[PDB]
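Lettering of chains follows the sequences in order, A, B, ..., and the numbering in each one begins at 1. What's counted below: heavy atoms across the whole structure, side chains too, no hydrogens, waters or symmetry copies.
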Protein chains: 2
Amino acid sequence: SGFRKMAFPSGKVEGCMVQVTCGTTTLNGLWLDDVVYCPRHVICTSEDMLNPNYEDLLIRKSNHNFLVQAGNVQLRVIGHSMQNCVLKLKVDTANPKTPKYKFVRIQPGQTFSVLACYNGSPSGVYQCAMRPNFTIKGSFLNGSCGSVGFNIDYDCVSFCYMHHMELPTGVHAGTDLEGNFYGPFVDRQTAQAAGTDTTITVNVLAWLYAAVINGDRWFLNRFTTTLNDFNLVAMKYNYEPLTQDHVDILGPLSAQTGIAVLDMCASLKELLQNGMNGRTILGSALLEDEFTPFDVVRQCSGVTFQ
Amino acid sequence: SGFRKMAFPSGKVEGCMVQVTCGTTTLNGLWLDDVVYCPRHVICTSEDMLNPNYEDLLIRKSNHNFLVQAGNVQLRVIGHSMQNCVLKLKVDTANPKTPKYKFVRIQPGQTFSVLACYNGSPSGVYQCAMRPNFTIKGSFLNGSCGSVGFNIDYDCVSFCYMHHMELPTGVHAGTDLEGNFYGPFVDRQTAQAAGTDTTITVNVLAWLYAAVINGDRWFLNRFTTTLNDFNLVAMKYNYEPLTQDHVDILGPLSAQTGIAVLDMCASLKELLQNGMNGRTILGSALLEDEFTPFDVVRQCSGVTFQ
Ligand SMILES: */C(=C/C(=O)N1CCN(CC2CCN(c3cc4c(cc3F)C(=O)N([C@@H]3CCC(=O)NC3=O)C4=O)CC2)CC1)[C@H](C[C@H]1CCNC1=O)NC(=O)[C@@H](CC(C)C)NC(=O)OCc1ccccc1
Ligand SMILES: */C(=C/C(=O)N1CCN(CC2CCN(c3cc4c(cc3F)C(=O)N([C@@H]3CCC(=O)NC3=O)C4=O)CC2)CC1)[C@H](C[C@H]1CCNC1=O)NC(=O)[C@@H](CC(C)C)NC(=O)OCc1ccccc1
């Protein structure tokens with residue numbers, strides 16, 4: 001038993017990380033087949049980043065202005081092009097460790113693993129949710145851009161995130177692997193607001209179910225509620241509104257624990273209105289919203305990867 | 001910026017995981033050079049585990065009673081022996097993906113990465129501390145035994161943990177890779193007590209320093225204290241007593257933040273005595289003790305692995 005924030009094994013993605021240098025900027029790139037993907041802002045100087053004209057900047061760059069290194073081997077760059085906010089560097093060699101993979105654009109509230117890298121060398125792995133406001137709360141230092149996020153379905157890596165920025169609030173922003181930002185952000189060093197950060201209500205409910213499965217139960221009260229009633233309390237606390245879709249997704253956990261979803265809502269409502277009274281749930285003193293229903297089922301069925 | 005519980009990249013350890021079956025029990029083994037390490041209780045039936053005589057049980061087992069599988073390839077077992085609570089299975093093939101590695105026995109309060117596995121297939125990676133009472137709080141289901149914990153120093157994997165058991169309190173227990181349990185536990189299905197679980201005071205202080213580095217500062221008060229004075233307050237809250245060794249270890253963070261360690265102690269003391277007043281620190285509503293001074297420095301310097 002027990003329940004922890006857990007990242008996917010990172011082996012398949014480690015084999016795809018490289019170092020991309022242009023001028024004096026170095027960051028990470030993702031090397032799949034004969035293409036290297038990295039943030040287009042590799043082409044910027046510190047001065048450029050205040051207000052870049054990427055199209056004009058890229059025009060000054062040739063294939064040979066891009067240095068790609070895998071360990072100690074230099075890849076030859078035979079083509080380059082800008083897709084939205086990502087630069088695509090064509091090389092003369094297919095990565096012999098390319099896993100089976102997809103590019104996917106994930107939905108708010110979904111989770112994924114980040115392999116944080118510096119100089120194209122993996123540093124560490126942690127779990128992130130795409131928050132409702134299209135930021136993540138990660139751990140990113142200078143040189144970490146180009147680090148990716150991903151999910152694995154058995155042997156298929158689904159890439160969903162590439163790291164580009166930190167906002168003034170200290171949270172993080174980035175693109176899918178087609179170079180389209182999550183959220184209303186742009187790859188420019190200017191003040192940018194993410195909206196109000198709402199809580200992923202369905203995720204909190206899954207975690208409460210997880211808690212019940214791991215024997216955490218003080219919080220289970222004797223009330224039930226309605227979808228509309230709970231949601232009037234959700235909005236007050238900046239919780240995402242709950243839908244029958246969400247109820248159905250929680251269906252397996254509800255069916256396993258024997259707790260109707262609307263009963264768990266009633267218990268969550270009282271949690272929201274009365275706080276935790278200095279207690280903890282699965283080892284936390286606040287309500288956790290970065291575990292999907294899938295994340296908890298995974299960790300109750302013992303799904304493995306190959 | 002930002003600060004997260006982060007596991008080491010798991011690629012080098014993934015290549016060492018195999019499946020070990022004996023009779024009808026299946027669990028994980030670690031395949032390094034031409035040896036496979038796994039918990040000796042692979043040789044037990046469900047009935048055996050109530051009171052096993054391992055020596056008598058092992059006597060009935062031959063080399064051929066052990067099935068070792070790497071993916072779909074069966075390794076041939078040419079020798080077996082019991083070292084403490086681990087079984088060592090000699091095979092006719094050296095693992096071609098054996099990384100550089102060490103066996104180390106870690107100290108209480110230190111941290112390490114767990115690669116949770118089932119059927120010799122990696123499932124996920126998370127970070128654990130060897131608590132002062134020699135348990136860990138992990139996420140382990142049936143079939144997860146033989147999963148290992150490790151640290152990486154650049155290219156060297158230091159193996160320090162193999163998973164064996166869950167205690168009645170829901171926490172986890174296991175051995176070093178020489179098969180010696182951490183703590184007073186035995187590989188038998190009987191009620192076993194870990195003592196009082198104390199908090200790793202030095203770790204909490206490192207995390208408070210991390211918080212300061214990431215801009216969390218309400219908790220910084222105007223008091224200082226003495227080592228003996230703080231420790232009189234530590235013991236009351238079941239905190240580990242703080243020593244000049246601990247002070248020195250925090251020296252780099254103290255020197256970077258400009259906060260004397262004893263000032264941080266005074267702030268921690270008031271945190272302990274007055275609680276958090278519904279506030280949070282680095283996104284948590286309680287005091288975190290599973291980040292070592294090394295874990296926070298790592299995440300402030302951007303150390304990478306190769
Ligand atoms: C992600 C990636 C990124 O693009 N950068 C760019 C800046 N930086 C690299 C710096 C490092 C210092 N510097 C420099 C570097 C190098 C040399 C000289 C030099 F002056 C140099 O010679 N070399 C190599 C190696 C060293 C050497 O000796 N010889 C060489 O030839 C150098 O490498 C200039 C370049 C790294 C970051 C970040 C992600 C941030 C969030 C997470 N933490 C972050 O910093 N950059 C951005 O996000 C940035 C994108 C722009 C809009 C284009 N925006 C941003 O987030 O800014 C706000 C911010 C920044 C930091 C913290 C908080 C907020
Ligand atoms: C770690 C490892 C471990 O050794 N075990 C042993 C028991 N279990 C395997 C079971 C599973 C059910 N069962 C069985 C298995 C298989 C077949 C038939 C069958 F009846 C079978 O035919 N096969 C294969 C595959 C299936 C098939 O169709 N054909 C085959 O041939 C089978 O595999 C009997 C064997 C898995 C666990 C755990 C770690 C615990 C902590 C973390 N979660 C845990 O469960 N075991 C222990 O820790 C245990 C060690 C003993 C002291 C020796 N002690 C313990 O923790 O017990 C208390 C406890 C247990 C669970 C939860 C909480 C507390």
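- When ring centroids are compared, B/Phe150 and B/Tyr161 stay outside the 6.0 Å threshold.
- In the model, A/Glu240 has no side-chain atom that pairs as donor or acceptor with a side-chain atom of A/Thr198 under 3.5 Å.
- When only modelled atom types and interatomic distance are considered, A/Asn133 and A/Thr135 share a side-chain donor-acceptor pair under 3.5 Å.
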Would A/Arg40 and A/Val42 count as a side chain to side chain contact (heavy atoms under 4.5 Å, CB included) here? Give the steps. CA-CA 5 Å; A/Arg40 68 175 168 174; A/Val42 67; over 6 Å; no
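- The distance from atom CG of A/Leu141 to atom SG of B/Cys300, rounded to the nearest 0.5 Å, is 7.0 Å.
- The local environment of CZ in B/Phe294 is sparse, with at most 12 non-hydrogen atoms from other residues, nucleotides or ligands closer than 6.0 Å.
- Salt-bridge annotation for A/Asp197 and A/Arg131: present, with a side-chain N of the basic residue lying under 4.0 Å from a carboxylate O of the acidic one.
- Applying the 6.0 Å contact sphere to CG of B/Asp153 captures no more than 12 heavy atoms from other residues, nucleotides or ligands.
- Here A/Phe8 and A/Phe305 bring their ring centres to under 6.0 angstrom of each other.
- Between the side chains of A/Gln127 and A/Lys5, no donor-acceptor pair of N or O atoms lies under 3.5 Å.
- Only one option out of A/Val36, A/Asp34, A/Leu75, A/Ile78 pairs with A/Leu89 in a side chain to side chain contact (heavy atoms under 4.5 Å, CB included); it is A/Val36.
- In summary, the aromatic rings of A/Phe159 and A/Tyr37 are positioned with their centroids too far apart to meet the 6.0 Å limit.
- Between the side chains of A/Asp295 and A/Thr111, at least one donor N or O sits under 3.5 Å from an acceptor N or O.
- The structure places SG of B/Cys128 at 10.0 Å from NE2 of B/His163, a figure rounded to the nearest 0.5 Å.
- A cation-pi arrangement, defined by a distance under 6.0 Å to the six-membered ring centre and an angle within 45 degrees of its axis, is absent between B/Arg298 and B/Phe291.
- Of all non-hydrogen atoms in B/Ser139 and A/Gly2, the two that sit nearest each other are OG-O, 3.0 Å.
- Interatomic distance, A/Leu205 CG to A/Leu250 CG, rounded to the nearest 0.5 Å: 5.5 Å.
- The two residues B/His172 and B/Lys137 have their closest heavy-atom pair at ND1-C, 4.1 Å.
- Counted by atom type alone, A/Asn63 and A/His80 present one or more donor-acceptor pairs between their side chains at under 3.5 Å.
- The stretch residues 71-84 of chain A participates, sequence neighbours left out, in these salt bridge (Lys or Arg N to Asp or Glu O under 4.0 Å) pairs: A/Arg76-A/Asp92.
- Residues that satisfy the ring pair (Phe, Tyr, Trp, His ring centres under 6.0 Å) test with A/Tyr101, not counting sequence neighbours, are A/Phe103.
- For the residue pair A/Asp289/A/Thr199, the side-chain donor-acceptor check at 3.5 Å is not satisfied.
- Contact of the A/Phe181 side chain with the A/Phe134 side chain is not registered, since no non-hydrogen atoms from C-beta on lie closer than 4.5 Å.
- For the atom pair A/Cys85 SG and A/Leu87 CG, the distance stands at 11.0 Å (nearest 0.5 Å).
- The CD1 atom of A/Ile200 lies 9.5 Å from the OG1 atom of A/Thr292; values are rounded to the nearest 0.5 Å.
- Counting non-hydrogen atoms of neighbouring residues, nucleotides and ligands closer than 6.0 angstrom, the CZ atom of B/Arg217 exceeds 12 such neighbours.
- The side-chain heavy atoms of B/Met130 and B/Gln110, taken from C-beta on, include no pair separated by under 4.5 Å.
- Salt-bridge annotation for B/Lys97 and B/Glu14: absent, with no side-chain N of the basic residue lying under 4.0 Å from a carboxylate O of the acidic one.
- In the model, B/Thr304 has no side-chain atom that pairs as donor or acceptor with a side-chain atom of A/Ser123 under 3.5 Å.
- A/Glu166 and B/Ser1 share a donor-acceptor pair across their side chains, judged by distance under 3.5 Å alone.
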